[PDB]
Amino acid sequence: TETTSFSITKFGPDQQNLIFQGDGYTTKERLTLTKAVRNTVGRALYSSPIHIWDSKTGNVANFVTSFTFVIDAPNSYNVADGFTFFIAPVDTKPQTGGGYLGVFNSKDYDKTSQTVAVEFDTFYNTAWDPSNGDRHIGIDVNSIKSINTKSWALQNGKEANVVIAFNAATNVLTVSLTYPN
């Protein structure tokens, strides 16, 4: 049996158990992925590799993650591009910026990607996003075109609490975002 676990309730200035890529850094107890600045990417990884399944037995791990995040836009109308929790190869490095969220490079299935991500997408990119134009939560596997999406109303500047859970017995990945009022 293998378990990996950690919790960070307030990030410190030198958070040595995280690997920072792009613009990610910690300021005033928060992990900052981007400032409200144009065309940037910020990524942050837990430093330990996690054993998520085994080729010998064919077993898959169960896991849960919860976090509180804040998106703070200049106003409720001009907001982009969003945010992602992802599971990638140990040597994952930033991919395309913009609507690709620093994690994919295409709209087409890319088997070399090997990453699955739950996106909180704030900008409607006409080429791949659900046509109704709403902001949404999406599950993405090897492509920026989510395999399933739910419309979400952004509350600018408010704390949102999310729980992501994977149940290995059913292969159900569940995502829950609550705004506390």
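The first residue of the sequence shown is number 1, and the count goes up from there.
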Looking at the deposited entry, does 15-23 or 163-171 carry the larger mean Cα B-factor?
-> 163-171
Would you tell me which stretch averages the higher CA B-factor in the PDB entry, 102-110 or 71-79?
-> 71-79
Using the entry's values, work out which of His136, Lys28, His51, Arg43 has the largest Cα B factor.
-> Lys28
Candidate residues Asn39, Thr32, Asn62, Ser47, the one whose C-alpha B factor the record puts highest = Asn39
Is the Cα B-factor recorded for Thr4 in the lowest, middle or highest third of its chain?
-> lowest
If you rank every modelled residue in this chain by C-alpha B factor, which third holds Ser146: lowest, middle or highest?
-> middle
Chain-relative CA temperature factor third for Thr122 | lowest
CA B-factor ranking of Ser66, expressed as a third of its chain = middle
Among the chain's modelled residues, which third holds the C-alpha B-factor of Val116?
-> lowest
